[PDB]
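Visitor: Structure below; questions to follow.
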Amino acid sequence: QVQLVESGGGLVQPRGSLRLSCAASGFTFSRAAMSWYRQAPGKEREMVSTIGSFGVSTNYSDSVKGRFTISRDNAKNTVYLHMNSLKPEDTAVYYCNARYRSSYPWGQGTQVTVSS
Amino acid sequence: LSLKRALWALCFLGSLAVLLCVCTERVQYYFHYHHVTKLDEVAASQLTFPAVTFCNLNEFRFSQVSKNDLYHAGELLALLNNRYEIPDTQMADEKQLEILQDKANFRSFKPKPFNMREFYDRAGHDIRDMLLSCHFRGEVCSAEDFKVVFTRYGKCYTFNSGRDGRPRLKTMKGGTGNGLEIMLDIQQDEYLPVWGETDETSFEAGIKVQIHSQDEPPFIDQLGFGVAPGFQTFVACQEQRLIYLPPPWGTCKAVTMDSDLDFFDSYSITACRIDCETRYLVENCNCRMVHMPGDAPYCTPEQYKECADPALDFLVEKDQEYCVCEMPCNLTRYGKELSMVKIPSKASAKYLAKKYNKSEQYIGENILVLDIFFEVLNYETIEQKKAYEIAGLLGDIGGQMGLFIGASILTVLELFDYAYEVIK
Ligand SMILES: *[C@@H]1O[C@H](CO)[C@@H](O)[C@H](O)[C@H]1NC(C)=O
Ligand SMILES: *[C@H]1O[C@H](CO)[C@@H](O)[C@H](O)[C@H]1NC(C)=O
């Protein structure tokens, strides 16, 4: 079934680099746009980054522009978010789900907090 | 060590060779995963009428292309040269060329914004104009029954699409007058003029039809058939439901509650290809042709010689193995048989050419009549059946193990017991 587990994310110091990985099972991700989301504590999920099923096209948000890198690994069911220059303003649990194929169980999400 | 003992031991070790040479054959045969087909004809009192997509072989009308439309997209739609000027017009009708030249002045012309989707939805052929009388099972039909779809042929229309919440229409009797029966006016005088033969210049008239199940989207560009003006065209359909076998018996994608497609609610061998093309374009240069789903902005006509036709040709020709579309393990398809009758008879020529105010010649060369119906109310079913299952494997192995050496698995267990008891 659709697992889409996310791993590799932990609390980091401010102005630090972290790498987030997700393992999408249950579907052929080869043909699935993959997006990252921020669940702000008490707020709704907000998209962080999106990458095309082919990996050529990368979309970012306002604050994510030129600060985050999204990488998609084919045939390895892994999506890599190359976080850099983190700040406390982005302290939230991170969810990876297909962007356009939204009707799927949402994974637990790895919490990254940029305090120290 | 007598001759009886030696003969019996030799016969046992001879009957044990055949046993293995046959058991390994059966095991290999099972691991080939063979299947066989089962054809059947199930009679039914009701069949859901297929969706009928169709559209004119003319992409869009000539009386609706405007000054603005001819500027942004004049070069694309094969009317203007590279330098925004008309090409050689030696074989040009005087009135047609004058009604185009006044549309190609561009004298102090301030262009307005252009949207390709809006252009197709305006310059494309209108069903309220083409459709002269629709009928379904003898009840009067309407032009509001046809849903607009956009394909590579432009603005096409789908009947009984089953979309927008409308209920799919059933049919209760076979035969000619018990299905869709539409008289169309292909409007041959709206066709774009042909000055010179380009690569894609088309000299044909008539419309193109596709008959498909309501699940899959229309794909007229490859799956359609043409019908010609001045001809009652009977299309006798045949419903055909196909069960396929998933791996390892076959290669098919068992249908789930959701689809494995980013842009389509349900999965189809055609939805897969349209999804592949749309994803490739959107990920490559951030625009989609008018006929693709999604939300990306439509390609401007500049992005068709720089972004659409090149990338699509690249994907089709040499890059063809990006998207492997597994064909669903069951689907209903519609076989068809075409036949023709002349329209209109000399008896009723004047009646039509008075019912429409048009000339008798016009009616002769512009009016066609599709007549789509089920021949008989039954459907063919074509199933793939697993030819050799595990219970059959165990039966065929046991029945010959007990024929050659009379053993069982318990006999093997007893032999292992005895061999252990010796070694102890
Ligand atoms: C697929 O086949 C099953 C039976 O094997 C049938 O019940 C189902 O309606 C089929 N799916 C579609 C979309 O026709
Ligand atoms: C039909 O005849 C000509 C065709 O253009 C037109 O002037 C006239 O108004 C039309 N009449 C009707 C009743 O359609």
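Identifiers in the structure tokens: chain A, B, ... in order shown; residue index from 1 per chain; ligand index from 1 in order shown.
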Quick check: residues of chain B within 7 Å of chain A, only C-alpha atoms, returned as JSON, numbers by chain.

Guide: {"B": [260, 262, 283, 284]}

Visitor: Using C-alpha atoms, can you write the selected residues to a file as a PDB file, in the first residue's frame?

Guide:
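Resulting contents of out.pdb:
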```pdb
ATOM      1  CA  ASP B 260      -1.810   6.070 -11.112  1.00  0.00           C
ATOM      2  CA  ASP B 262      -1.473  12.908 -12.109  1.00  0.00           C
ATOM      3  CA  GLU B 283       8.272  19.657 -16.972  1.00  0.00           C
ATOM      4  CA  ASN B 284      10.203  20.677 -20.088  1.00  0.00           C
TER       5      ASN B 284
END
```

Visitor: Using only C-alpha atoms and all ligand atoms, what are the residues with an atom within 10 Å of ligand 1, set out as a list in words?

Guide: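 Every residue with an atom at most 10 Å from ligand 1 is listed here: residues 213, 214, 215, 216, 241, 242, 243, 244, 245, 254, 255, 256, 266, 267, 268, 328, 329, 330, 331, 332, 333 and 383 of chain B.
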
Visitor: Give me, please, the distance in Å between atom CA of residue 103 of chain B and atom CA of residue 67 of chain B, quoted to one decimal.

Guide: 5.2 Å

Visitor: Work out how far atom CA of residue 79 of chain B is from atom CA of residue 292 of chain B, in Å to one decimal.

Guide: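 Computing it gives 24.7 Å between the two atoms.
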
Visitor: So which bits of chain A end up helix (DSSP H, G or I) when you DSSP the backbone, as a VMD selection string?

Guide: chain A and resid 29 to 31 88 to 90

Visitor: Grab the residues selected above and save them as an mmCIF file, in the first residue's frame with N, CA, C and O atoms.

Guide:
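The new file part-v4.cif reads:
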```
data_model
loop_
_atom_site.group_PDB
_atom_site.id
_atom_site.type_symbol
_atom_site.label_atom_id
_atom_site.label_comp_id
_atom_site.auth_asym_id
_atom_site.auth_seq_id
_atom_site.Cartn_x
_atom_site.Cartn_y
_atom_site.Cartn_z
ATOM 1 N N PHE A 29 6.055 6.194 -8.745
ATOM 2 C CA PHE A 29 6.318 7.615 -8.575
ATOM 3 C C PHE A 29 6.955 8.202 -9.823
ATOM 4 O O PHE A 29 6.953 9.428 -9.986
ATOM 5 N N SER A 30 7.519 7.353 -10.683
ATOM 6 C CA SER A 30 8.133 7.752 -11.947
ATOM 7 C C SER A 30 7.270 8.756 -12.698
ATOM 8 O O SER A 30 7.784 9.616 -13.417
ATOM 9 N N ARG A 31 5.957 8.641 -12.544
ATOM 10 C CA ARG A 31 4.987 9.521 -13.172
ATOM 11 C C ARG A 31 4.167 10.268 -12.124
ATOM 12 O O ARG A 31 2.946 10.374 -12.220
ATOM 13 N N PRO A 88 14.560 29.800 12.431
ATOM 14 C CA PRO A 88 13.433 29.365 13.272
ATOM 15 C C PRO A 88 12.079 29.585 12.627
ATOM 16 O O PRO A 88 11.100 28.951 13.044
ATOM 17 N N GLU A 89 11.990 30.464 11.628
ATOM 18 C CA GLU A 89 10.726 30.713 10.948
ATOM 19 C C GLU A 89 10.221 29.491 10.192
ATOM 20 O O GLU A 89 9.042 29.449 9.828
ATOM 21 N N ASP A 90 11.079 28.503 9.946
ATOM 22 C CA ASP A 90 10.694 27.269 9.271
ATOM 23 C C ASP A 90 10.736 26.062 10.206
ATOM 24 O O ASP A 90 11.084 24.954 9.795
#
```
